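Student: Encoded as structure tokens, here's the structure I'll be asking about.
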Number of protein chains: 2
Amino acid sequence: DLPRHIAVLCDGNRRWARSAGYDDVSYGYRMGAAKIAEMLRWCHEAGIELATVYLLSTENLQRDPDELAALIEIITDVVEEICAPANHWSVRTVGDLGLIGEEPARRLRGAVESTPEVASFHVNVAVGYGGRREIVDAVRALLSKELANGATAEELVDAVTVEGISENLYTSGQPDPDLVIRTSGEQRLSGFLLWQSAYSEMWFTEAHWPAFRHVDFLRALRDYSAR
Amino acid sequence: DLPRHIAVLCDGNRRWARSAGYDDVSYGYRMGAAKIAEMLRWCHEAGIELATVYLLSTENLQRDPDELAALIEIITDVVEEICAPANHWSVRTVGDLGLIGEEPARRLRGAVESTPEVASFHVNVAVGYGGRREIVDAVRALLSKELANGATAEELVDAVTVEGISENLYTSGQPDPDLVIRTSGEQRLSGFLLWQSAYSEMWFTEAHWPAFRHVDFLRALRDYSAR
């Protein structure tokens with residue numbers, strides 16, 4: 001009836017800013033960041049237990065460093081606001097922080113570790129995230145645990161299961177995404193929460209992320225309800 | 001401009017049959033089967049190199065046995081027609097044929113093995129297929145091979161890679177889908193070609209599968225191209 005877990009991909013930050021004729025396209029990320037905060041607030045008040053925001057892809061790391069640095073700092077403010085003690089939200093990083101750089105990773109880890117584990121609203125921040133690699137790391141995690149418990153090489157070949165992989169993903173012990181909000185008219189996949197979102201409802205809007213409004217969010221929820 | 005690989009999901013058969021007034025939902029499946037044959041001709045003539053058709057999922061295998069019996073008969077005739085040597089189409093099967101009964105397994109496998117290996121047009125038929133289940137089996141094929149190369153327990157733990165899984169799936173050595181077409185307005189995912197379609201375009205229509213027309217197929221290529 002209500003999504004137990006909503007996943008949001010924020011497409012169209014640069015495209016949005018170019019439409020309005022902003023020469024300086026990092027501006028789009030600032031507005032997208034403001035919007036993420038408002039989205040989490042909407043989710044939170046709607047009664048949704050888990051929201052997963054897409055903050056950074058291995059794709060995004062192919063951008064020009066003059067703008068990537070701006071984007072990395074923006075992501076870090078966003079996370080430090082999500083983790084603010086006044087929210088009392090439980091926060092988890094989904095992805096590798098080994099790709100974003102030393103000082104920002106530090107700031108991000110510091111912020112997320114200060115949040116409670118028990119809460120009524122949970123947020124996953126997807127940073128340094130790729131879906132096929134999540135799956136690969138879940139398999140190696142699974143196979144190290146089996147080796148630690150004393151499995152032989154013959155017994156490992158058969159240790160892999162669908163439950164074992166779920167348990168060893170970044171989103172271990174969480175519900176799978178019930179609804180996947182995709183924006184800027186994008187009907188492409190990104191391999192975001194690739195394994196977990198195998199059976200999620202897709203919802204699309206034409207609006208670019210910085211232009212996403214509460215009225216669009218209620219449309220999303222109604223459409224989910226009506227399916 | 002134009003897809004190399006189009007994957008198709010044929011939902012709505014039963015709903016279509018009940019919409020037309022039939023007491024027997026097998027009219028929908030028989031009509032879906034006609035539509036598959038037509039679809040494949042369209043792809044071929046349009047210039048598409050690989051088509052993937054989703055014939056039977058592991059979900060579907062839980063049906064009433066007498067309805068599944070009759071569905072699998074329809075699927076078998078579908079594949080036998082697809083493999084007609086007039087076509088000179090290359091056919092692979094994608095999924096566990098060990099789930100559908102021995103006589104259908106034999107008939108299907110002998111129709112496909114009779115098709116050429118080198119052809120201008122390739123067709124995948126997905127029978128007894130599941131996305132997460134396909135990943136698990138690719139992993140176990142991977143580890144099985146390297147054990148046979150005399151790898152140690154701890155060597156197996158590290159052997160799993162993205163490129164290693166891409167090699168051991170049912171779609172081994174084939175291009176990933178560019179475009180994925182789903183029907184009955186279902187904006188779910190159902191894990192069809194989960195790994196391979198991580199970065200594919202999705203195209204949706206409200207029309208049940210047995211109502212699919214050449215014009216929708218044209219609308220799908222037009223949307224794909226303009227994206």
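A note on labels: chains of the structure tokens are A, B, ... as shown, every chain counts residues from 1, and ligands are counted from 1 in their shown order.
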Quick one: contact table of chain A to chain B, 8 Å max, nearest atom pair and distance in Å to one decimal per residue, counting only C-alpha atoms, chain and number order, as CSV?
Tutor:
```
residue,atom,partner,partner_atom,distance
A:131,CA,B:198,CA,7.9
A:132,CA,B:162,CA,6.5
A:133,CA,B:162,CA,6.5
A:136,CA,B:161,CA,6.1
A:139,CA,B:160,CA,7.5
A:140,CA,B:157,CA,5.5
A:143,CA,B:157,CA,5.5
A:144,CA,B:157,CA,6.2
A:147,CA,B:153,CA,7.2
A:152,CA,B:153,CA,6.3
A:153,CA,B:153,CA,4.3
A:154,CA,B:147,CA,7.5
A:156,CA,B:153,CA,7.6
A:157,CA,B:143,CA,5.3
A:158,CA,B:140,CA,6.4
A:160,CA,B:136,CA,6.3
A:161,CA,B:136,CA,6.0
A:162,CA,B:132,CA,6.5
A:187,CA,B:202,CA,5.5
A:188,CA,B:201,CA,4.4
A:189,CA,B:199,CA,4.9
A:190,CA,B:199,CA,5.2
A:191,CA,B:198,CA,4.3
A:192,CA,B:198,CA,8.0
A:194,CA,B:198,CA,6.8
A:195,CA,B:132,CA,7.2
A:197,CA,B:189,CA,7.8
A:198,CA,B:191,CA,4.4
A:199,CA,B:189,CA,4.8
A:200,CA,B:188,CA,5.6
A:201,CA,B:188,CA,4.4
A:202,CA,B:187,CA,5.3
A:203,CA,B:187,CA,7.3
```
Student: For residue 103 of chain A, find every residue with an atom within 12 Å (counting only C-alpha atoms), except residues of its own chain fewer than 4 positions away, and show them as a PyMOL selection string.
Tutor: chain A and resi 69+72-73+76+97-99+107-110
Student: Hey, can you spit out that residue selection with C-alpha atoms as a short mmCIF file (atom, residue, chain, number, x, y, z; two decimals), in the first residue's frame?
Tutor:
```
data_model
loop_
_atom_site.label_atom_id
_atom_site.label_comp_id
_atom_site.auth_asym_id
_atom_site.auth_seq_id
_atom_site.Cartn_x
_atom_site.Cartn_y
_atom_site.Cartn_z
CA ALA A 69 35.47 18.30 -6.50
CA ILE A 72 32.13 15.62 -3.89
CA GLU A 73 31.86 18.53 -1.42
CA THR A 76 29.39 15.59 1.82
CA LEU A 97 34.23 5.13 -0.14
CA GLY A 98 37.62 4.10 -1.55
CA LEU A 99 36.94 5.94 -4.82
CA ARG A 107 34.15 13.39 6.73
CA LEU A 108 31.47 11.04 5.36
CA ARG A 109 32.39 8.12 7.58
CA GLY A 110 32.50 10.40 10.63
#
```
Student: Got a sec to tell me which of segment 52-224 of chain A DSSP assigns to strand (DSSP E or B), as JSON, numbers by chain?
Tutor: {"A": [52, 53, 54, 57, 90, 91, 92, 93, 94, 122, 123, 124, 125, 126, 129, 179, 180, 181, 182, 201, 202, 203, 204]}
Student: Output N, CA and C atoms for every residue in the selection just made, as a PDB file, in the first residue's frame.
Tutor:
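Final file, out.pdb:
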```pdb
ATOM      1  N   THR A  52      16.536   5.227  -0.251  1.00  0.00           N
ATOM      2  CA  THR A  52      17.909   5.092  -0.738  1.00  0.00           C
ATOM      3  C   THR A  52      18.136   6.139  -1.842  1.00  0.00           C
ATOM      4  N   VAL A  53      18.972   7.125  -1.554  1.00  0.00           N
ATOM      5  CA  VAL A  53      19.271   8.172  -2.532  1.00  0.00           C
ATOM      6  C   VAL A  53      20.550   7.864  -3.291  1.00  0.00           C
ATOM      7  N   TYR A  54      20.514   8.070  -4.604  1.00  0.00           N
ATOM      8  CA  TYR A  54      21.693   7.861  -5.450  1.00  0.00           C
ATOM      9  C   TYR A  54      22.479   9.155  -5.530  1.00  0.00           C
ATOM     10  N   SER A  57      27.906   7.653  -8.559  1.00  0.00           N
ATOM     11  CA  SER A  57      28.221   6.484  -9.374  1.00  0.00           C
ATOM     12  C   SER A  57      29.674   6.511  -9.841  1.00  0.00           C
ATOM     13  N   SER A  90      18.656   6.983  11.065  1.00  0.00           N
ATOM     14  CA  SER A  90      19.689   5.950  11.029  1.00  0.00           C
ATOM     15  C   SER A  90      20.240   5.930   9.606  1.00  0.00           C
ATOM     16  N   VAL A  91      21.544   6.126   9.458  1.00  0.00           N
ATOM     17  CA  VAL A  91      22.146   6.310   8.128  1.00  0.00           C
ATOM     18  C   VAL A  91      23.230   5.255   7.846  1.00  0.00           C
ATOM     19  N   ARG A  92      23.250   4.735   6.621  1.00  0.00           N
ATOM     20  CA  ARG A  92      24.207   3.721   6.192  1.00  0.00           C
ATOM     21  C   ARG A  92      24.792   4.141   4.830  1.00  0.00           C
ATOM     22  N   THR A  93      26.100   4.000   4.628  1.00  0.00           N
ATOM     23  CA  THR A  93      26.656   4.213   3.283  1.00  0.00           C
ATOM     24  C   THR A  93      26.550   2.922   2.473  1.00  0.00           C
ATOM     25  N   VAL A  94      26.041   3.060   1.254  1.00  0.00           N
ATOM     26  CA  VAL A  94      25.959   1.962   0.315  1.00  0.00           C
ATOM     27  C   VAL A  94      26.937   2.276  -0.818  1.00  0.00           C
ATOM     28  N   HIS A 122      15.097   5.335   8.256  1.00  0.00           N
ATOM     29  CA  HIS A 122      16.405   4.916   7.782  1.00  0.00           C
ATOM     30  C   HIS A 122      16.674   5.507   6.407  1.00  0.00           C
ATOM     31  N   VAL A 123      17.917   5.959   6.196  1.00  0.00           N
ATOM     32  CA  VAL A 123      18.408   6.446   4.892  1.00  0.00           C
ATOM     33  C   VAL A 123      19.693   5.709   4.491  1.00  0.00           C
ATOM     34  N   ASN A 124      19.760   5.216   3.250  1.00  0.00           N
ATOM     35  CA  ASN A 124      21.013   4.706   2.676  1.00  0.00           C
ATOM     36  C   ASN A 124      21.605   5.726   1.698  1.00  0.00           C
ATOM     37  N   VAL A 125      22.855   6.104   1.872  1.00  0.00           N
ATOM     38  CA  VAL A 125      23.432   7.047   0.920  1.00  0.00           C
ATOM     39  C   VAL A 125      24.326   6.287  -0.029  1.00  0.00           C
ATOM     40  N   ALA A 126      23.926   6.235  -1.295  1.00  0.00           N
ATOM     41  CA  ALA A 126      24.695   5.505  -2.287  1.00  0.00           C
ATOM     42  C   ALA A 126      25.860   6.335  -2.846  1.00  0.00           C
ATOM     43  N   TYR A 129      29.081   3.766  -5.898  1.00  0.00           N
ATOM     44  CA  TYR A 129      28.268   2.563  -6.053  1.00  0.00           C
ATOM     45  C   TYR A 129      28.158   2.057  -7.495  1.00  0.00           C
ATOM     46  N   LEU A 179       9.577   0.641  -4.512  1.00  0.00           N
ATOM     47  CA  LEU A 179       9.372   1.633  -5.561  1.00  0.00           C
ATOM     48  C   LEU A 179      10.700   2.273  -5.961  1.00  0.00           C
ATOM     49  N   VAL A 180      10.920   2.422  -7.267  1.00  0.00           N
ATOM     50  CA  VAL A 180      12.134   3.080  -7.778  1.00  0.00           C
ATOM     51  C   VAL A 180      11.829   4.326  -8.624  1.00  0.00           C
ATOM     52  N   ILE A 181      11.943   5.478  -7.976  1.00  0.00           N
ATOM     53  CA  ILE A 181      11.661   6.763  -8.597  1.00  0.00           C
ATOM     54  C   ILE A 181      12.820   7.191  -9.502  1.00  0.00           C
ATOM     55  N   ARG A 182      12.523   7.309 -10.790  1.00  0.00           N
ATOM     56  CA  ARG A 182      13.506   7.741 -11.778  1.00  0.00           C
ATOM     57  C   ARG A 182      12.978   8.985 -12.485  1.00  0.00           C
ATOM     58  N   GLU A 201       8.861  -1.759  -8.413  1.00  0.00           N
ATOM     59  CA  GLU A 201       8.069  -0.953  -9.313  1.00  0.00           C
ATOM     60  C   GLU A 201       8.910   0.237  -9.744  1.00  0.00           C
ATOM     61  N   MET A 202       9.026   0.424 -11.051  1.00  0.00           N
ATOM     62  CA  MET A 202       9.547   1.646 -11.627  1.00  0.00           C
ATOM     63  C   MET A 202       8.494   2.737 -11.745  1.00  0.00           C
ATOM     64  N   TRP A 203       8.880   3.956 -11.377  1.00  0.00           N
ATOM     65  CA  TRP A 203       8.056   5.138 -11.596  1.00  0.00           C
ATOM     66  C   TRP A 203       8.914   6.216 -12.237  1.00  0.00           C
ATOM     67  N   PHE A 204       8.388   6.828 -13.296  1.00  0.00           N
ATOM     68  CA  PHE A 204       9.126   7.828 -14.051  1.00  0.00           C
ATOM     69  C   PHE A 204       8.373   9.140 -14.103  1.00  0.00           C
TER      70      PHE A 204
END
```
Student: So that I can see what lies close to residue 58 of chain A, please list as a list in words the residues with an atom at most 8 Å from it, counting only C-alpha atoms and leaving out residues fewer than 4 positions away in the same chain.
Tutor: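 The residues that qualify are residues 62, 128, 129 and 130 of chain A.
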Student: Please report, as a count of residues only, each residue of segment 3-157 of chain A to which DSSP assigns alpha helix (DSSP H) when run on this structure's backbone.
Tutor: 80
Student: Which residues come within 12 Å of segment 34-40 of chain A, counting only C-alpha atoms, excluding same-chain residues fewer than 5 positions away, as a ChimeraX atom specification?
Tutor: /A:5-11,13,27-29,45-55,74-75,77-84,87,89,91,121-125,181,208-218
